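This report concerns only the one structure given below.
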Amino acid sequence: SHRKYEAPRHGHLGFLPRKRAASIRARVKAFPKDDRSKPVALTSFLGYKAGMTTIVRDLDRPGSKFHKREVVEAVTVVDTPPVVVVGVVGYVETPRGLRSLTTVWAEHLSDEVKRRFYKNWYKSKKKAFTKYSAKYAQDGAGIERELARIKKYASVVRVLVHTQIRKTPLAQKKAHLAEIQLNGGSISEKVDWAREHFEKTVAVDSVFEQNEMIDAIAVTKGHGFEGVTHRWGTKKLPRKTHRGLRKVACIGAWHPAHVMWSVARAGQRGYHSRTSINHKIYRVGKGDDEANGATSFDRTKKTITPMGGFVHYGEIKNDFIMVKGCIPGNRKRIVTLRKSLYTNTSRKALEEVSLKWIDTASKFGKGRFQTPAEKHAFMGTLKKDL
Amino acid sequence: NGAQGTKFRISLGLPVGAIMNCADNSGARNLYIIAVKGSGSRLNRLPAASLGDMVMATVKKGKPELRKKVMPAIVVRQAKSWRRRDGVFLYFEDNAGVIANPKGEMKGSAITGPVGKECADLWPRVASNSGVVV
Amino acid sequence: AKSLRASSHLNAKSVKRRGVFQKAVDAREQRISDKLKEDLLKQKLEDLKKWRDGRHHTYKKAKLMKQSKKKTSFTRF
Amino acid sequence: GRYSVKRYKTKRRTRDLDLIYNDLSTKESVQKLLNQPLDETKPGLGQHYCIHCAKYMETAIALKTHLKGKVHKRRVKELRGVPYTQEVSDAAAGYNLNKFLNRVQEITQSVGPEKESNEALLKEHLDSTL
Amino acid sequence: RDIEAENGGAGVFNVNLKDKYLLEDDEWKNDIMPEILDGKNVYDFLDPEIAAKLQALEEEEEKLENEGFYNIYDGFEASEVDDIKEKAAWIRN
Amino acid sequence: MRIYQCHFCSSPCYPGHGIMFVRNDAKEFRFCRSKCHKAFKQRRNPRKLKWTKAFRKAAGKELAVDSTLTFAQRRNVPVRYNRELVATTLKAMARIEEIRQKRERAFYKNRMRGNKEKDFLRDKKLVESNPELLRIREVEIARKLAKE
RNA sequence: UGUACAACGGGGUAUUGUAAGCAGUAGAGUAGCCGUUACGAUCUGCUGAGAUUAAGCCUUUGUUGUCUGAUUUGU
RNA sequence: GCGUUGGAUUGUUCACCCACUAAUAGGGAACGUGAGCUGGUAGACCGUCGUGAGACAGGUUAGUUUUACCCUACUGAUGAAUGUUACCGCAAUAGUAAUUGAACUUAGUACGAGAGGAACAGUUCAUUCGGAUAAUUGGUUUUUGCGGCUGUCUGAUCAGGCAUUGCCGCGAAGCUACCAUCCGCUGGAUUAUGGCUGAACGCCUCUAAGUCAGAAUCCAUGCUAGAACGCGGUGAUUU
RNA sequence: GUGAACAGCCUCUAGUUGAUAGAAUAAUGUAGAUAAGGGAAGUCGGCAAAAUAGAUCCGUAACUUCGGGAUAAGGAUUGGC
Ligand SMILES: [Zn+2]
Ligand SMILES: [Zn+2]
């Protein structure tokens with residue numbers, strides 16, 4: 001019958017099946033549409049999530065009620081050391097989909113990507129790309145033939161890059177590998193760009209800058225086998241109901257003969273692959289230049305990394321991207337930053353964000369001091385000193 | 001309408017069935033009844049609001065001339081933990097209540113004790129009748 | 001209200017895009033290309049501080065003959 | 001846990017010794033609260049109000065037994081010195097030192113013995129009527 | 001109103017709250033005042049007459065540096081004292 | 001942006017940190033953390049708790065009055081914004097902090113002098129107390145040096 | 001068989017709230033001795049001291065030790 | 001396509017009452033005998049009747065069914081064999097999600113004797129829903145981390161044990177809350193309807209052949225999984 | 001020993017250390033516990049839980065078979081030396 005009281009659904013049927021993702025590194029499923037008028041440009045970048053922090057900003061937002069007023073905001077920090085290019089792939093069009101017809105790799109590669117190809121590195125002879133390096137002999141007939149194949153056919157060009165995990169404090173030793181699309185024009189020029197860029201790095205300043213809205217694609221923080229109440233958001237039955245109270249009691253009065261795909265059962269919560277769009281970059285900071293965490297308003301020399309470092313992460317000795325709010329994934333993960341897939345008709349993607357202050361206090365507790373010098377000055381001289 | 005400005009969001013402290021204080025000398029001591037204007041509609045959920053929110057109420061304690069009579073007016077103190085978009089969390093000693101007409105104009109002419117910053121910015125006549133903001 | 005996929009709102013957005021937003025989107029591309037080229041030149045400056053005929057032929061003919069003996073080919077019978 | 005949670009709620013919040021200091025400071029404030037016209041809602045119908053422990057008793061004998069007690073003496077021995085304002089809290093950190101020191105010498109000179117004499121008059125008044 | 005109409009409408013035009021301000025030098029229009037330093041706040045230390053009080057502070061500090069402000073037991077020489085110390089530390093352990 | 005002081009701990013309260021309480025006298029009490037907030041709720045006396053700065057300054061720990069501590073006066077009458085005046089103040093603050101820290105270290109030295117005399121007298125009493133362990137020490141040292 | 005890995009330790013960060021021991025005359029009074037000694041909750045000082053600090057915190061020029069066991073796989 | 005509430009009333013409700021709201025639309029899959037969970041036989045009393053045992057025109061009160069460990073379905077999780085192993089990818093099929101209200105300005109303008117009083121374009125924020133997140137705030141404490149308390153025991157001090165985690169306070173980390181924060185789009189074809197050309201029918205006609213616009217609709221872009229018998233490109237191939 | 005107490009908690013004598021074990025710490029359960037602001041909006045129904053609780057002092061209404069009601073109610077206190 002007709003339920004006597006309408007109410008919305010519990011959960012979203014588009015984010016199904018709620019299963020474990022098939023890879024720790026979420027897979028980019030769409031890059032922006034190419035305009036062959038414009039220069040050669042990467043469509044994406046890789047990074048490692050490193051905690052969160054708090055900032056204050058001076059908001060020039062006309063129409064709003066914080067116009068010409070200060071605003072506290074959360075931000076996420078991604079360690080974004082430079083990315084190394086190692087290959088090219090060409091993707092020809094077919095009436096089945098897109099097909100790869102050739103992949104070309106570089107001459108020399110790092111132990112990191114070799115470790116990625118390997119699964120027991122400490123026993124192997126490490127014979128991965130020996131014959132390919134040999135194929136990189138006098139004139140590289142094969143290399144040039146496959147590159148010319150990509151220039152002739154293949155329609156669209158992606159570039160195989162890897163990270164420099166060696167730079168992070170992470171204890172993994174193994175780099176991630178990813179195809180990132182080139183969105184400029186002239187397939188010939190794309191291939192020439194890649195050919196010139198083998199064995200060379202691309203920093204994050206050369207892919208993004210401030211006031212840019214980017215998308216984060218990642219995997220979300222597995223919690224494991226979870227029940228209905230916390231996995232979909234259902235009510236709880238009052239108390240001491242039969243066969244428990246953290247579940248759906250039943251379907252009603254009416255009689256089906258099956259259980260539907262729509263009735264909110266138990267299972268995995270988390271480790272799902274998610275794509276969260278339109279996060280505004282607030283700072284593209286650089287390790288070469290200290291006083292990253294400092295500001296025009298502050299003038300207090302300090303890096304963004306808080307006292308005692310981040311929690312379950314080390315220090316930021318590298319270039320980093322600061323975005324506002326909450327991205328998917330937890331600390332120590334691999335996130336891909338993509339750029340927006342569409343021109344955004346919101347003034348939010350035009351306002352030149354200006355910061356006043358960044359919080360470099362300890363996240364291993366209730367932090368009250370931004371610097372150990374401040375802690376020293378406030379506490380005063382202790383017993384151990386003198 | 002009647003208020004000057006947008007629907008801004010500050011945490012909810014005052015569900016239906018909550019007796020809160022009146023300290024002006026219009027005659028009332030207390031405010032109870034049902035209704036909250038600009039409240040959603042969800043199964044099993046209570047109408048509860050603040051942000052200088054307008055609410056329907058009766059005098060549980062006060063003069064009989066205005067007991068037995070439903071009336072609109074506005075929250076000025078809450079005692080829940082509210083967040084200012086400029087820094088810190090704020091909270092008051094208590095809840096506070098007090099009386100008005102649907103245009104935002106007050107039956108009383110002066111307010112005792114502090115009144116919320118955003119409540120006064122949203123309701124002009126509260127700011128004129130209040131001597132103490134925050 | 002007017003939905004997300006309302007024709008009028010989308011037309012208004014379409015008119016806004018060609019103007020003040022695409023200029024800001026196109027300036028960033030030139031900026032970032034100018035940075036990308038210098039990140040190459042600095043790496044060069046640091047460097048100056050010091051058939052397919054091999055196996056595809058055999059592998060593909062063997063695949064095709066396995067396909068034609070097992071009759072498991074999409075195009076050939 | 002439950003004891004602190006269910007005693008020190010902001011609903012059941014009491015009256016912040018700073019203000020009791022400012023009230024016992026002057027003559028008119030103490031006489032007003034000794035007079036305290038008949039209120040139907042207050043416990044003792046107004047009268048029988050201790051100011052140190054800001055509390056309405058029912059009766060004169062309940063006031064007597066309150067004054068002959070350590071709960072009263074706790075408060076009188078807490079209220080002798082300065083009241084610990086934000087002035088103290090920031091002068092400790094190196095902020096508005098001179099304001100704090102002016103307040104301190106002001107209490108030491110003017111306001112201190114004022115309040116002490118007021119307390120003594122209160123005590124002998126209560127002991128004489130009771 | 002009309003400058004708004006020229007640049008952009010009501011909700012887009014970013015007015016400069018400055019350009020109206022009255023200063024000694026006009027070239028410094030687009031400056032910013034620092035609000036916070038290491039732990040301190042600039043507005044608290046900012047007086048017109050601070051350099052003279054700092055000169056007095058330095059005079060006082062230099063007087064103290066000349067004064068005695070920044071600067072063995074009989075019966076035991078030094079090695080006797082060290083022997084007693086180590087014997088006592090051994091005894092406690 | 002401002003840096004307030006905790007009503008209890010006298011510590012800095014940065015933006016996005018702590019809780020504020022607004023008394024009926026229209027008076028603000030902001031705390032660095034829930035520890036100090038809950039102590040305020042329980043009506044503790046911060047001049048009796050040893051982990052505050054008020055207890056310290058009242059007891060005669062790290063000093064309370066000095067010429068260094070008068071510069072951070074609150075200022076309710078402003079000034080014309082001379083950037084030269086701003087730049088002078090920026091250097092002045094750094095200099096003042098060095099001077100204050102040195103004077104603080106001196107105060108701590110003045111407090112903790114007279115401790116080594118006491119420690120030495122402790123050790124003297126102990127060693128003159130307990131000779132029967134010194135025999136075990138002598139014989140074991142001799143045994144070890146004869147062993148090596 | 002390496003800027004390798006681990007167990008300990010060091011440093012930083014954070015939580016708590018000022019350790020054990022010794023002394024004082026600071027201590028409501030009480031007794032004894034011609035003001036003085038004994039008892040004495042507690043207070044004051046050495047002492048933001050002492051303790052804990054990854055078990056899913058950060059860091060390491062230290063000490064000590066460890067690094068070829070088993071099975072299986074061919075176009 | 002998306003939503004269609006919160007409550008009062010059991011001397012009763014086959015319903016009504018006042019509020020909030022954009023709105024508070026109707027129904028089915030049970031009631032075409034009988035099927036989740038919850039309100040609405042044995043004892044006893046009053047009333048009507050009966051010679052009586054007892055029955056009832058009634059009314060009141062109290063009053064023990066207890067799966068799933070099987071198959072299927074559903075939800076999540078592995079996995080043999082398709083030369084071995086590893087890496088990067090394609091996308092058939094299936095699912096799909098965003099919603100509503102207010103505010104500035106347009107403008108006290110259009111319109112109007114007056115009283116009153118809109119909208120497009122440009123902007124800002126919130127309601128319902130969803131998905132993430134843990135910088136901050138709050139909650140949580142076997143960190144049994146620190147300290148304290150009662151009673152008892154270890155001769156006293158120290159350091160500890162027991163009190164079904166003994167009790168009190170603070171309590172990081174982790175988990176977590178519209179109790180905290182962040183984010184949530186744009187192309188083609190169409191309905192009603194309005195039209196162009198134009199016969200049928202020497203007038204005329206949006207229609208018969210053709211054709212332009214047009215709805216929160218449809219299909220796609222985008223998001224989720226990835227055929228375990230769907231696929232490609234690529235690295236190594238055994239003293 | 002605490003304490004009004006053969007209550008509850010710890011201990012001496014005497015006795016026992018028996019009840020299938022090991023590793024992890026998902027959901028759902030069984031037995032408990034805490035929770036901001038609001039406080040019965042929940043629900044047939046305040047079911048359950050919470051709150052109160054010992055001892056000293058003050059004080060204690062209607063009604064009453066004059067015997068009671070009555071620990072009515074409602075209030076001030078509790079350590080150590
Ligand atoms: Zn009192
Ligand atoms: Zn504090």
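Go through segment B:1-56 and give me each residue that's within 14 Å of another protein chain (Cβ to nearest Cβ) and in a strand (DSSP E or B).
Result: B:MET20, B:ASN21, B:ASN30.
Name the residues in segment E:66-87 that are in a helix (DSSP H, G or I) and exposed (fewer than 11 other Cβ atoms within 10 Å of the Cβ), would you?
Of everything in segment E:66-87, those that are in a helix (DSSP H, G or I) and exposed (fewer than 11 other Cβ atoms within 10 Å of the Cβ) turn out to be E:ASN66, E:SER79.
Just one of (1) away from RNA strand I (no atom under 14 Å from the Cβ); (2) outside any loop (DSSP other than H, G, I, E, B); (3) over 15 Å from the mean Cα position of the chain (by Cα) trips up B:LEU90, so point out which.
Among (1) away from RNA strand I (no atom under 14 Å from the Cβ); (2) outside any loop (DSSP other than H, G, I, E, B); (3) over 15 Å from the mean Cα position of the chain (by Cα), the lone unmet condition for B:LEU90 is (1).
Take C:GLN67 and tell me if it is at the interface with chain A (Cβ under 9 Å from one of its Cβ atoms), on the phi < 0 side of the Ramachandran plot and of a type in the set (S, T, N, Q). Break it down into steps so the answer makes sense when it comes.
Numbers: at the interface with chain A (Cβ under 9 Å from one of its Cβ atoms): no; on the phi < 0 side of the Ramachandran plot: yes; of a type in the set (S, T, N, Q): yes.
No; evaluated as a whole, the condition is false for this residue.
Restricting to segment E:35-57, give me the number of residues that are out of contact with any strand residue (DSSP E or B) (no Cβ under 9 Å at 6 or more places or on another chain) and part of a strand (DSSP E or B).
Total satisfying the criteria: 1.
This table checks each residue for (1) farther than 30 Å from F:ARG75 by Cβ; (2) touching a helix residue (DSSP H, G or I) at 6+ places or on another chain (Cβ under 7 Å); (3) of a type outside the set (A, V, I, L, M, F, W, C).
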site: E:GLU27; (1), (2), (3): no, no, yes
site: E:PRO34; (1), (2), (3): no, yes, yes
site: E:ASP38; (1), (2), (3): no, yes, yes
site: E:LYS53; (1), (2), (3): no, no, yes
site: E:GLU59; (1), (2), (3): no, no, yes
site: E:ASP82; (1), (2), (3): yes, no, yes
site: E:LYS85; (1), (2), (3): yes, yes, yes
site: E:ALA89; (1), (2), (3): yes, no, no
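Just to check your reading of the model, which residue among F:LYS102, F:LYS53, F:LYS57, F:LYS48 is out of contact with any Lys or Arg (no Cβ under 6 Å at 6 or more places or on another chain), more than 8 Å from every other protein chain (Cβ to nearest Cβ) and of a type in the set (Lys, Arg)?
Within the list F:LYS102, F:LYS53, F:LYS57, F:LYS48, the selection yields F:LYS48.
Would you check if there is a residue in segment A:231-247 being touching a strand residue (DSSP E or B) at 6+ places or on another chain (Cβ under 7 Å) and either farther than 22 Å from A:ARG116 by Cα or away from ligand 1 (no atom under 16 Å from the Cβ) (or both)?
yes
Residues being over 22 Å from A:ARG27 (Cβ atoms) and away from RNA strand G (no atom under 16 Å from the Cβ): count how many of those fall in segment A:151-180.
Looking only at that region, the number is 3.
Output the qualifying pairs, or none if there are none: Cβ atoms under 7 angstrom, residues six or more apart or on different chains, first residue in segment E:44-65 and at the interface with chain F (Cβ under 10 Å from one of its Cβ atoms) and within 23 Å of D:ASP90 (Cβ to Cβ), second residue among the small types (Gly, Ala, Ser) and in a helix (DSSP H, G or I).
From segment E:44-65, the pairs are E:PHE45/F:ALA92; E:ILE50/F:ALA92; E:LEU54/F:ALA92.
Could you check how many residues of segment A:32-64 are under 30 Å from A:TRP357 (Cβ atoms), part of a strand (DSSP E or B) and within 9 Å of another protein chain (Cβ to nearest Cβ)?
Of the residues in that region, 3 qualify.
Identify, from the list A:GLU290, A:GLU352, the residue that is touching a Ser or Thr at 6+ places or on another chain (Cβ under 9 Å) and closer than 30 Å to C:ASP39 by Cα.
Details: A:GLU352 fails: touching a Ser or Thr at 6+ places or on another chain (Cβ under 9 Å).
None of the other options fit; the residue is A:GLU290.
Can you name the residue in segment F:60-99 that is more than 12 Å from chain D (Cβ to nearest Cβ) and basic (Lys, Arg) and, of all such residues, is farthest from A:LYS375 (Cα to Cα)?
If we take residues in segment F:60-99 being more than 12 Å from chain D (Cβ to nearest Cβ) and basic (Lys, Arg), then F:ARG80 is farthest from A:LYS375 (Cα to Cα).
Among residues belonging to segment A:177-209 that are touching a helix residue (DSSP H, G or I) at 6+ places or on another chain (Cβ under 7 Å) and in a loop (DSSP other than H, G, I, E, B), point out the one that is farthest from RNA strand I (Cβ to nearest atom).
Of everything passing the filter in segment A:177-209, A:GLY184 is farthest from RNA strand I (Cβ to nearest atom).
Can you tell me which residues in segment A:226-262 are surrounded by 10 or more Cβ atoms within 10 Å (Cβ to Cβ), part of a loop (DSSP other than H, G, I, E, B) and among the basic types (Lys, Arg)?
Residues satisfying the conditions are A:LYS235, A:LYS236, A:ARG246, A:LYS247.
Might you let me know whether segment A:109-132 holds any residue that is closer than 24 Å to A:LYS173 by Cα, aliphatic (A, V, I, L, M) and in contact with a strand residue (DSSP E or B) (Cβ under 7 Å, 6 or more places away or on another chain)?
Taking segment A:109-132 as the starting set, the residues that turn out to be closer than 24 Å to A:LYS173 by Cα are A:109-130, A:132.
Next, from what is left, pick out any that are aliphatic (A, V, I, L, M): A:109, A:113, A:128.
Adding the requirement that they be in contact with a strand residue (DSSP E or B) (Cβ under 7 Å, 6 or more places away or on another chain) leaves A:109, A:113.
There is at least one residue in segment A:109-132 that is closer than 24 Å to A:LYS173 by Cα, aliphatic (A, V, I, L, M) and in contact with a strand residue (DSSP E or B) (Cβ under 7 Å, 6 or more places away or on another chain).
Hey, does segment D:45-53 have a residue that's more than 14 Å from chain B (Cβ to nearest Cβ), under 22 Å from D:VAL82 (Cβ atoms), exposed (fewer than 13 other Cβ atoms within 10 Å of the Cβ) and away from RNA strand H (no atom under 16 Å from the Cβ)?
Checking segment D:45-53: not a single residue is more than 14 Å from chain B (Cβ to nearest Cβ), under 22 Å from D:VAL82 (Cβ atoms), exposed (fewer than 13 other Cβ atoms within 10 Å of the Cβ) and away from RNA strand H (no atom under 16 Å from the Cβ).
Just to verify a result, which residue in segment A:116-146, among those that are out of contact with any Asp or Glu (no Cβ under 8 Å at 6 or more places or on another chain), in a helix (DSSP H, G or I) and among the small types (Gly, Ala, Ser), is farthest from RNA strand G (Cβ to nearest atom)?
A:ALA141
Working only within segment F:48-87, note down all residues that are in contact with a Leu (Cβ under 9 Å, 6 or more places away or on another chain) and hydroxyl-bearing (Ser, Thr, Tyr).
First, the residues of segment F:48-87 that are in contact with a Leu (Cβ under 9 Å, 6 or more places away or on another chain): F:55, F:57, F:63-73, F:75, F:78-82, F:85-86.
Scanning segment F:48-87 gives F:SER67, F:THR68, F:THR70, F:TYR81.
How many of the residues making up segment C:48-64 are surrounded by fewer than 12 Cβ atoms within 10 Å (Cβ to Cβ) and facing chain A (nearest Cβ under 9 Å)?
The number of residues fulfilling the criteria is 2.
Restricting attention to segment B:14-31, which residues are in contact with a strand residue (DSSP E or B) (Cβ under 7 Å, 6 or more places away or on another chain) and among the small types (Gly, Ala, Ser)?
If the condition is that a residue be in contact with a strand residue (DSSP E or B) (Cβ under 7 Å, 6 or more places away or on another chain) and among the small types (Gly, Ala, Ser), then B:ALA23, B:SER26, B:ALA28 are the ones that fit.
Looking at (1) in contact with a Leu (Cβ under 9 Å, 6 or more places away or on another chain); (2) within 16 Å of RNA strand I (Cβ to nearest atom); (3) over 20 Å from B:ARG29 (Cα atoms), which is the one condition that is false for D:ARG7?
(1)
Could you list, in sequence order, the residues of segment F:1-43 that are of a type in the set (D, E, K, R) and away from ligand 1 (no atom under 16 Å from the Cβ)?
Correct list: F:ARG2, F:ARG23, F:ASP25, F:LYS27, F:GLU28, F:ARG30, F:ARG33, F:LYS35, F:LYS38, F:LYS41.
Kindly indicate whether A:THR381 is away from ligand 2 (no atom under 16 Å from the Cβ), more than 30 Å from F:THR52 (Cβ to Cβ) and more than 22 Å from the chain's Cα centre (by Cα).
no
Residue by residue, here is whether (1) surrounded by 22 or more Cβ atoms within 10 Å (Cβ to Cβ); (2) within 14 Å of chain F (Cβ to nearest Cβ); (3) in contact with a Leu (Cβ under 7 Å, 6 or more places away or on another chain); (4) in a loop (DSSP other than H, G, I, E, B) holds:
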{"position": "B:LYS63", "(1), (2), (3), (4)": "no, no, no, yes"}
{"position": "B:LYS69", "(1), (2), (3), (4)": "no, no, no, yes"}
{"position": "B:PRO72", "(1), (2), (3), (4)": "no, no, no, no"}
{"position": "B:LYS80", "(1), (2), (3), (4)": "no, yes, no, yes"}
{"position": "B:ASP86", "(1), (2), (3), (4)": "no, yes, no, yes"}
{"position": "B:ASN101", "(1), (2), (3), (4)": "no, no, no, yes"}
{"position": "B:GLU105", "(1), (2), (3), (4)": "no, no, no, yes"}
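So which residues in segment F:1-32 are part of a loop (DSSP other than H, G, I, E, B), within 16 Å of RNA strand I (Cβ to nearest atom) and more than 10 Å from chain D (Cβ to nearest Cβ), if there are any at all?
Listed by number, the list holds a single entry, F:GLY18.
Please indicate, with yes or no, whether at least one residue in segment D:84-96 is more than 16 Å from RNA strand G (Cβ to nearest atom) and either within 11 Å of the chain's Cα centre (by Cα) or part of a helix (DSSP H, G or I) (or both).
Yes, that holds for at least one residue.
Virtual Cβ from ideal backbone geometry, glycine too; neighbours counted across all protein chains shown. Readers should treat all values here as calculations from the given coordinates under stated rules, not as data from a laboratory.
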